[PDB]
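Order of writing sets the chain letters: A, B, C, D and E. Residues in each chain are counted from 1.
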Amino acid sequence: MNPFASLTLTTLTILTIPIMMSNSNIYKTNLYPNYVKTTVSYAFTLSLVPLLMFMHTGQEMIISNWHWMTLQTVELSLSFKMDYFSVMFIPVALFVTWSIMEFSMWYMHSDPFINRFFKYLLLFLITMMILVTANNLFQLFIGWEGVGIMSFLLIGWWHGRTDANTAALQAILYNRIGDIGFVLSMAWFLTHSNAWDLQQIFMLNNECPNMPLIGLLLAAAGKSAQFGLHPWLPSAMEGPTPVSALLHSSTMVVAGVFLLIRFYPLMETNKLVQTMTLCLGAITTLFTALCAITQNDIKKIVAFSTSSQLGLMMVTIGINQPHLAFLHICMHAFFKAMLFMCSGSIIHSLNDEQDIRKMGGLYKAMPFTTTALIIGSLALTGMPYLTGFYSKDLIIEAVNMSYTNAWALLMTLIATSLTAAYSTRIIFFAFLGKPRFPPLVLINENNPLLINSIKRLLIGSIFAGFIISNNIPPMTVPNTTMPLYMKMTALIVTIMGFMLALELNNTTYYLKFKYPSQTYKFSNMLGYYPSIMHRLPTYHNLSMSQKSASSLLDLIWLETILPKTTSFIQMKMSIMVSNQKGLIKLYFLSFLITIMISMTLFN
Amino acid sequence: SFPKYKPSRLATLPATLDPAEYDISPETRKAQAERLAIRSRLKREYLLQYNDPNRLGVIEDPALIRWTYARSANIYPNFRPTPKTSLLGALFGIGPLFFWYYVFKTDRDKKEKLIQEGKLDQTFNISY
Amino acid sequence: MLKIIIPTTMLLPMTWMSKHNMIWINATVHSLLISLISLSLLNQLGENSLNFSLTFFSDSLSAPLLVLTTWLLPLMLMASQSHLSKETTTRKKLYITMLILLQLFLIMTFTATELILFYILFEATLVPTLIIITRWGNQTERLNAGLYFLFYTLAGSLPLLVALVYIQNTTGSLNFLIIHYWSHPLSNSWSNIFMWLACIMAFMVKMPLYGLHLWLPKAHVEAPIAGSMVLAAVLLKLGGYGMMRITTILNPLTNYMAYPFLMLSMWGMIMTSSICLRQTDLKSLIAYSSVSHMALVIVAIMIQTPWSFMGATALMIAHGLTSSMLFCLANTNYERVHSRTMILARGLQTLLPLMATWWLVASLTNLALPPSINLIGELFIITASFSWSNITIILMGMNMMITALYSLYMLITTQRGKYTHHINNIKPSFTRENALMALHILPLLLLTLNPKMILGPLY
Amino acid sequence: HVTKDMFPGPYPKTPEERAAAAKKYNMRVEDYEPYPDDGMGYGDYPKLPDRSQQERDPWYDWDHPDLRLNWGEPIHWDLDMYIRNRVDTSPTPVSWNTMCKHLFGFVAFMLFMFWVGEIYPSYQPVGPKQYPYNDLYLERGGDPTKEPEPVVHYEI
Amino acid sequence: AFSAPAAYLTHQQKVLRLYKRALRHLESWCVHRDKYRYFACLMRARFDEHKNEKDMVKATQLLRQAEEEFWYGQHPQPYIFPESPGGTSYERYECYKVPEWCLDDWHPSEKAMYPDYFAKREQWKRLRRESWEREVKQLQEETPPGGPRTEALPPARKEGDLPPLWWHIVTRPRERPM
């Protein structure tokens, strides 16, 4: 009966079998990564069926299968939600993950613990699938924490490196800062709505107050790395390139945005929180693009581009278009994952070299990576009828054609221009000039794994936008009528950014050298935010933790008050009482005084 | 001329920008020679203890024991009641408690008053 | 209830009559069998309680604590069997006798239908712990620690006894059932205020409260591995059990009198979590983590709501298991290193991978990662506190952040990085240590499947 | 193997005990400087420079290359605060004050101009969206037994 | 790295270090090869204007304003080699570096595999053992009275002798053990 439930639970169930077999013999052989990749591909082709059923009928479900503890009138159960969002996001995530493991087959070929790496990737995928399909807040929290712990483990993959451990702890710190708001939202929802289920929460909140939505916004800012809590996402590039391509670019980092998508019925009934979301998204995308346009590490540039796209997603949520933000998530996963895969291929070909100053002529030296990166950059900047167009163009039109703040719209436009700027910066500095790598050329691409993994996401980044846009039902009123100039605002802004950044980059060939300005230093040092905020608070905390908390109070004053004072007083009284020289004259005089006092006082 | 770099607590002075380094003198040279002699003696002792094949244990580090002992067990016997210490202890051990007490007391009196007047709208508030 | 007490008493004759090289095997086997027997007490009712007789009764608050107490003894024996290798048979039998006596006293304490009997056993548990700390301890400060661990306790417990007998002169019965059924409100008077203080501070000193937590780092550091296990896992929960049992008669005076202790706990959790960040000792860091968790439990008990009590019970069970595991891992490091300093031995994941996995799991379960019962208790207490007042969430979130910070700091400092070069006596981990870690960790991940078993009588 | 005399003591007041303490901690008498004699129990422990371990020389052959420490040399009182995984004092290309001012100015300008944009929003030359059935009264909240005021929309 | 440090840095060492840092940061500024070559030759010409200078006070005044100018234009994000102390792969393979003494704790079933390796290891241990007593004596007889002045170790002077304190330098794990 109704195969939708059976299929949509079977995908997630069969995603867990290699974890069970990790204790078997196959885990000790070299066929384990192939086992995991085959399992993921089968899961994707099996999850393609519920998507087809939804596109045919629009069928949605809630599967509350197992009953957990019941606490008075509150019931907790293992409940999975299979709405449009889950049944659409699962296939895309599975496709991207399949491509990522196929790429990691070649990229991690020399890593001794490759089976453990694939197990970690599969565990992260399982936790993310738990997060996406969750119907209640406790299961969503379970996924929220699973993805964070897996990110911590994968960032510090090389545990002999100090910086990897530092970045992992940084990510954990920022995600716990978001966890504060997540827990606040959970507590408020249970206290007032008497349930953590999505249905009851939506029903009992006709006009949602500020506090739960502010908690959700804080959690989303923490997980999606908004401006206040951004640096952990740039710092997460310490992990292996497959980790940066899968977790911190396309799947995990959108999770916070997804959270705000899940609570959109409560989002639309509040205006202040929507304004806060829009402002945060605008400032985040602007700041991240401005930091990106002047970096030398390619992975850092891609991470900053991802953060700018997340800020754009948050702006879209703030302007009351959750479905459009979900579509942007779907397209961004495709093209950003393929872009990171191209970056990793180039990185491996140049003997683990990441700075763009040592990368020269690769347009002819490596052609497939060249064409894949060109297509990805065109999709990211937005080329009509590509996968990035069907999302970003509508984002820009919705921002322009709705009652927003002028400053947020201006920063969105400037962020689009800066996105074009850093895309052309990457292409120019990595593919056009004369070669600058060491003389021993080790450039090679003849490997079916890398080529197939890149080309699958290439076909995706070319066709998926059109297919998905023309397949899903309409979920919003279109902007059918538009000013002619305002119809082309995004295109002219992108072209202007392309041309201006190309002209600026072409002046590096000139035989003239000048010292940098203050704006360049501000943008290159990430607005100086990583310096101050990672040196001023932490020290001022840690010092206190040893000066006031540990030594002043715990070791000195709390010791002085109760135990030491008692010891001193008892010692003094014992010395005074016991210090009698043994002369019976004094004792007899004291006895006489006591007898007189007793006779004159107790009668 | 160029703008001058200003040192701070969390951004110390660069090694190549210290005025003391360029003021070379025989006394400074002798001090550096003695410092390197001390470091060399300690390194020689450590290597002599380290490369010994008979040793099958950790090499005790008196610096580490001194650090741990001074951090943990040497605090109170050297403590003296001082206006600085008395004031700082009173502040950091009493002020936060009374501050949080005032905050929570004000919040709870506000909530209790709102409940007594009945204007709180506690519908669906069942679990507590 | 005697079906559990009598085998525990027979554990003594068996140990003494046991062959000179078969004490550990017999003790472990029969302790595990007694734990299996005590497992039957989990079958509770939604009605009053399991009243076995006039002297002993069971409850769904007492049942998980009794199960944990019975389960701890085999783990304590397995941990202690290592460092007592060069020790004479008579003194090893004396050590096992002290452990058995402590378990018997705890088992009788957790049933305790009458409050004076509860006090007698609750203070009788002191002597074996003091003997264990002051006899089988390594450092010279152990004696001092023992003194502290003694007098603090008595400084809180002697007034309680007076209050207790005073109540029997007024109420006429100290039986828990009659006390619950015949409870009457406390008038807001100075005499009632002092009776409240006498009834409360005895249990607040053993949790311990933030102001009165000085004895705990000393006692935990200088005690042997079994002493640290029993102190962190079970002995800290006596105060919480006593508070939950005795707060019935303290109403409605609890509302006014809870404020100083609530403020002290809510700020001392932050203070101890921050103290954990700057610590050069593993055992001290674990002790301060225990202080933070028990401060949260104190907040839960003082809030006095059903969710508060459920979260408190779950948190006590989870914290006991987690702290015992952490102390065991630290002792396994110390037995190889003999320094007990975090920064001395580093990069142990390279040399001992399975022990690194055990360390990771222990740190994760101390970090309150869902759906572990640690997270269940923490979340229930947080929600109850938010219902109590919406401003507590700031302090709770700060505590969670610092807790995660210091947990991962402990993990990274000892497991990650580069190994110490001059240390060469790091032998592969034995089967005993790995089995100890597994037997510590598996019950947690099995209990998260059936949370209602540890949620207490208000479930 | 550690003796009683090789443990920290009280504050040194005369040059003889200062030299003895300097010898104890394996450093020159000139380089030795105890913490100021106040209530906090520093005793006689060297007040080494507050420089972090990140900016120690990364090419020297340290006995602990990760911590960048030598075997017998004295340990800074706040070593655990400076472990290359925590606060570092490495000099920056731009001065601390300049970075502070630039970051604060950027944040303040962003907040002020966001408030300004909130004061002056952007919209299209259109009227409010019209909804057919009493502004969707029945499908938004319900309450069919109240008969809301009939709203009629404009044809133009 | 391998060479022992000196008590101080001479003026020529300081100027060479400044030249190295300035050229590296100029290469970081000048991405393209021809531009870097032109500006590096210009910088070399600017440096060799004062090569023949003799006044030590004026020489110290030099290189100091040069260091200040370098600090002002030090390219706040310079190029770093991947394995350098600031590179992206500085300590990537330190987690795979296992000590040699760990092999002494292997199970006999594990030592059943690779028998030739453990035979050679036994010869190495004997050679270290016989050699060590002699090395200590050489160090004791060669070290100047009052303790060493520079952490430089002497070589072996006899026929059958070996360099003092050689075991942990010869037995480094690898640069890429796995």
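As a working rule, contacts are C-beta pairs under 8 Å (C-beta built on N, C-alpha and C of every residue); 3 or more make two chains touch, one makes a residue touch a chain.
Molecules present, by chain and UniProt name: A = NADH-ubiquinone oxidoreductase chain 5; B = NADH dehydrogenase [ubiquinone] 1 beta subcomplex subunit 4; C = NADH-ubiquinone oxidoreductase chain 4; E = NADH dehydrogenase [ubiquinone] 1 beta subcomplex subunit 9.
Annotation: A-C is the more contact-rich of the chain pairs A-C and A-B, by number of C-beta pairs in contact. Centre-to-centre separation between subunit B and subunit D, using Cα means, comes to 13 Å. Spacing of subunit C relative to subunit E, judged by their CA centroids, is 52 angstrom. Subunit D has its Cα centroid 21 Å from the Cα centroid of subunit A. If each chain is reduced to the centroid of its CA atoms, subunit D and subunit E end up 34 Å from each other.
With touch defined as above, residues shared between interfaces to two or more other chains in subunit C number as follows: 278, 280, 306-307, 343, 347, 349-350, 387, 390, 412, 417-418, 420-422, 424. Touching of two or more other chains is recorded for residues 5, 10-11, 14, 35, 39, 43, 46, 50, 59, 61, 64, 67, 71-72, 75-76, 79, 85, 127-128 of subunit B. Each of residues 40-41, 63, 66, 79, 81, 85, 87, 89, 92-94, 96 in subunit D touches at least two other chains.
Contact topology of the protein chains: fully connected, every pair of chains touching. Under the touch rule stated earlier, the contacting chain pairs are A-B, A-C, A-D, A-E, B-C, B-D, B-E, C-D, C-E, D-E.
By the touch criterion stated above, subunit D contacts subunit B in their complex at residues 1-2, 6-11, 25-28, 30-31, 38-43, 45, 50-51, 55, 63, 70-75, 77, 79, 87, 89-92, 95-98. Listing the residues of subunit C that touch subunit A in their complex gives 148, 211-212, 214, 271, 274-275, 277-278, 306-307, 310, 347, 349-350, 364, 369-371, 379, 382-383, 386-387, 390, 393-394, 396-398, 400-401, 404-405, 408-409, 412, 415-418, 451-452, 455, 459. Of all residues in subunit B, only 10-11, 72, 75-76, 79, 85, 88-89, 92-93, 124-128 touch subunit A in the complex they form.
The part of subunit D that touches subunit C in the complex is made up of residues 63-67, 79-81, 85.
Note for the complex: subunit E touches subunit C at residues 91, 94-95, 97-99, 101-102, 105, 168.
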